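Taking it in order: structure first as structure tokens, then the write-up.
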Amino acid sequence: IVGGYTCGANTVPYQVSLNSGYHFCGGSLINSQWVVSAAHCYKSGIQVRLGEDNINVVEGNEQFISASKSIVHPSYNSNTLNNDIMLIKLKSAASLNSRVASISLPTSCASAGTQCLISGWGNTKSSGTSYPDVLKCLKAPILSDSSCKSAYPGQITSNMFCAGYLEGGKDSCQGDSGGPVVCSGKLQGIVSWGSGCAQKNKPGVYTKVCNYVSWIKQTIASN
Amino acid sequence: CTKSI
Ligand SMILES: [Ca+2]
């Protein structure tokens, strides 16, 4: 997260870190056994780290739970990043508590201008790399589809939205992928992609979770 | 560009 702020430990209790011996993506806990992340975060060997704040220090409240299933959306296109959503089933249900909590899926899509919280342990620099220890947060609005498509012509599918800032300086960034964009208590987005990070006129692009709620529910229900 | 590490 570039241009964000330290969330505060466990203030984003649905934020998970996907770890493969290092934090590589975020995710969002959507129930005690399932995490939503980005399909492009798929890999083997995912350990979901819940309850994290400092991802480099065991501070307490962490639960590290292996992924038992990582379900990339069947129509994920790794070139266009359409359907950039993955569900991870935890090998065991997380113990939910104030620091490890699910986030609700949307019941409807969010409108442009909806303010959301994007969080992650991604790079905090728009140029160069600095990976934080602690979870970073960014309040960011969903941009209009027109602005999003203007920023990323031909690249924004109906399953994506832009959020953030066009003036630069505030965005999700590498290492934030898969993590949440939560708006009014609903997981509306998954950090997916963008042209660089926090670049002027290049807002973050996020998987539009509301388009996947049924898929998520159906997939969870069948797994 | 995807935002993974
Ligand atoms: Ca930790």
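Labels used: A, B, ... for chains in the order of the structure tokens, numbers from 1 for residues in each chain, and numbers from 1 for ligands as shown.
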What residues have any atom no more than 6 Å from ligand 1 when counting only C-alpha atoms and all ligand atoms, and can you list them as a PDB file with C-alpha atoms, in the first residue's frame?
```pdb
ATOM      1  CA  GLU A  52      -1.260 -10.734  11.406  1.00  0.00           C
ATOM      2  CA  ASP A  53      -0.035  -7.313  11.930  1.00  0.00           C
ATOM      3  CA  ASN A  54       3.698  -7.412  11.770  1.00  0.00           C
ATOM      4  CA  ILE A  55       4.149 -10.168   9.269  1.00  0.00           C
ATOM      5  CA  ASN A  56       7.755 -10.604  10.260  1.00  0.00           C
ATOM      6  CA  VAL A  57       7.252 -11.021  13.952  1.00  0.00           C
ATOM      7  CA  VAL A  58       5.128 -13.432  15.846  1.00  0.00           C
ATOM      8  CA  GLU A  59       3.271 -10.969  17.963  1.00  0.00           C
ATOM      9  CA  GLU A  62      -1.593 -15.017  14.434  1.00  0.00           C
TER      10      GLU A  62
END
```
Distance query residue 196 of chain A at most 10 Å, only C-alpha atoms, self and fewer than 3 positions along chain excluded, as a PyMOL selection string: (chain A and resi 126-127+171-174+193+199-200+202-204) or (chain B and resi 1-3)
Atom-to-atom span, atom CA of residue 42 of chain A and atom CA of residue 18 of chain A, Å: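 Spanning atom CA of residue 42 of chain A to atom CA of residue 18 of chain A is a straight-line distance of 9.6 Å.
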Can you list, as a PyMOL selection string, every residue of segment 1-221 of chain A that DSSP puts in strand (DSSP E)? chain A and resi 5-6+15-19+23-31+34-37+47-50+63-72+86-90+115-120+136-141+160-163+180-183+186-193+204-208
Print the selection's residues with C-alpha atoms to a file, as a PDB file, in the first residue's frame.
```pdb
ATOM      1  CA  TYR A   5      -1.239   4.361   6.914  1.00  0.00           C
ATOM      2  CA  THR A   6      -0.526   1.766   9.451  1.00  0.00           C
ATOM      3  CA  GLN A  15      -6.992  -9.389   6.219  1.00  0.00           C
ATOM      4  CA  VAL A  16      -4.862 -12.399   5.769  1.00  0.00           C
ATOM      5  CA  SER A  17      -1.430 -12.773   4.459  1.00  0.00           C
ATOM      6  CA  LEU A  18      -0.751 -15.551   2.106  1.00  0.00           C
ATOM      7  CA  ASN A  19       2.613 -16.846   2.919  1.00  0.00           C
ATOM      8  CA  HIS A  23       4.215 -12.815   2.370  1.00  0.00           C
ATOM      9  CA  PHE A  24       3.217 -12.808  -1.215  1.00  0.00           C
ATOM     10  CA  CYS A  25      -0.370 -11.784  -1.323  1.00  0.00           C
ATOM     11  CA  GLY A  26      -3.188 -10.725   0.786  1.00  0.00           C
ATOM     12  CA  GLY A  27      -6.518 -12.270   1.132  1.00  0.00           C
ATOM     13  CA  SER A  28      -9.676 -11.746   2.972  1.00  0.00           C
ATOM     14  CA  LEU A  29     -11.215 -14.139   5.362  1.00  0.00           C
ATOM     15  CA  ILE A  30     -14.791 -14.612   4.417  1.00  0.00           C
ATOM     16  CA  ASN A  31     -15.655 -17.320   6.818  1.00  0.00           C
ATOM     17  CA  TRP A  34     -12.292 -19.654   3.439  1.00  0.00           C
ATOM     18  CA  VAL A  35     -10.267 -16.815   2.168  1.00  0.00           C
ATOM     19  CA  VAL A  36     -10.813 -14.817  -0.933  1.00  0.00           C
ATOM     20  CA  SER A  37      -7.763 -13.706  -2.749  1.00  0.00           C
ATOM     21  CA  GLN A  47      -0.045 -20.806   4.322  1.00  0.00           C
ATOM     22  CA  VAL A  48      -2.703 -18.407   5.306  1.00  0.00           C
ATOM     23  CA  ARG A  49      -1.650 -16.174   8.069  1.00  0.00           C
ATOM     24  CA  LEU A  50      -4.530 -14.701   9.887  1.00  0.00           C
ATOM     25  CA  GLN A  63      -3.076 -18.158  13.137  1.00  0.00           C
ATOM     26  CA  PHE A  64      -1.144 -19.824  10.436  1.00  0.00           C
ATOM     27  CA  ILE A  65      -3.273 -22.274   8.628  1.00  0.00           C
ATOM     28  CA  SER A  66      -2.307 -24.053   5.516  1.00  0.00           C
ATOM     29  CA  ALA A  67      -4.455 -23.734   2.507  1.00  0.00           C
ATOM     30  CA  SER A  68      -6.072 -27.024   1.827  1.00  0.00           C
ATOM     31  CA  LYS A  69      -7.741 -25.898  -1.351  1.00  0.00           C
ATOM     32  CA  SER A  70      -6.840 -23.025  -3.573  1.00  0.00           C
ATOM     33  CA  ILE A  71      -9.526 -22.524  -6.092  1.00  0.00           C
ATOM     34  CA  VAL A  72      -8.706 -20.136  -8.818  1.00  0.00           C
ATOM     35  CA  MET A  86      -9.376 -17.344  -5.884  1.00  0.00           C
ATOM     36  CA  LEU A  87     -10.841 -19.001  -2.909  1.00  0.00           C
ATOM     37  CA  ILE A  88      -8.614 -20.632  -0.452  1.00  0.00           C
ATOM     38  CA  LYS A  89      -9.996 -23.148   1.915  1.00  0.00           C
ATOM     39  CA  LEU A  90      -8.114 -23.370   5.099  1.00  0.00           C
ATOM     40  CA  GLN A 115     -15.088   4.684   0.027  1.00  0.00           C
ATOM     41  CA  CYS A 116     -13.281   1.556   0.822  1.00  0.00           C
ATOM     42  CA  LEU A 117     -10.454   0.336   2.848  1.00  0.00           C
ATOM     43  CA  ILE A 118      -7.703  -1.369   1.012  1.00  0.00           C
ATOM     44  CA  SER A 119      -5.093  -3.017   3.035  1.00  0.00           C
ATOM     45  CA  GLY A 120      -2.074  -5.117   2.729  1.00  0.00           C
ATOM     46  CA  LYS A 136      -1.051  -0.838   5.846  1.00  0.00           C
ATOM     47  CA  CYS A 137      -4.369   0.609   5.044  1.00  0.00           C
ATOM     48  CA  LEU A 138      -5.602   2.984   2.465  1.00  0.00           C
ATOM     49  CA  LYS A 139      -8.949   4.586   2.245  1.00  0.00           C
ATOM     50  CA  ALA A 140      -9.746   4.723  -1.344  1.00  0.00           C
ATOM     51  CA  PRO A 141     -12.829   5.362  -3.365  1.00  0.00           C
ATOM     52  CA  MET A 160     -12.891  -5.167 -12.364  1.00  0.00           C
ATOM     53  CA  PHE A 161     -13.140  -1.806 -10.896  1.00  0.00           C
ATOM     54  CA  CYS A 162     -10.682   0.873 -10.232  1.00  0.00           C
ATOM     55  CA  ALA A 163     -10.246   2.361  -6.899  1.00  0.00           C
ATOM     56  CA  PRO A 180      -9.327  -6.705   0.445  1.00  0.00           C
ATOM     57  CA  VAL A 181     -11.096  -3.705  -0.692  1.00  0.00           C
ATOM     58  CA  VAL A 182     -13.764  -3.372   1.871  1.00  0.00           C
ATOM     59  CA  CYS A 183     -16.452  -0.836   1.568  1.00  0.00           C
ATOM     60  CA  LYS A 186     -18.362  -5.615   2.467  1.00  0.00           C
ATOM     61  CA  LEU A 187     -15.554  -7.106   0.531  1.00  0.00           C
ATOM     62  CA  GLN A 188     -16.087  -5.408  -2.729  1.00  0.00           C
ATOM     63  CA  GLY A 189     -12.694  -5.769  -4.226  1.00  0.00           C
ATOM     64  CA  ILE A 190      -9.626  -7.834  -4.385  1.00  0.00           C
ATOM     65  CA  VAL A 191      -6.397  -6.144  -5.086  1.00  0.00           C
ATOM     66  CA  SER A 192      -5.606  -7.261  -8.535  1.00  0.00           C
ATOM     67  CA  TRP A 193      -3.483  -5.103 -10.732  1.00  0.00           C
ATOM     68  CA  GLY A 204      -5.534   0.345  -8.783  1.00  0.00           C
ATOM     69  CA  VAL A 205      -7.690  -2.231 -10.407  1.00  0.00           C
ATOM     70  CA  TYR A 206      -9.574  -4.618  -8.270  1.00  0.00           C
ATOM     71  CA  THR A 207     -11.575  -7.676  -8.843  1.00  0.00           C
ATOM     72  CA  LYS A 208     -15.173  -6.833  -8.482  1.00  0.00           C
TER      73      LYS A 208
END
```
In Å to one decimal, how far is atom CA of residue 41 of chain A from atom CA of residue 158 of chain A?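 The value is 20.2 Å.
Here the question is which of A:168, A:13, A:21, A:3 gets nearest to residue 5 of chain B using only C-alpha atoms, and that residue is A:21.
Taking atom CA of residue 91 of chain A and atom CA of residue 33 of chain A as endpoints, the distance between them is 7.4 Å.
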Would you give me, as a PyMOL selection string, the residues in segment 36-200 of chain A that DSSP reads as alpha helix (DSSP H)? chain A and resi 145-151
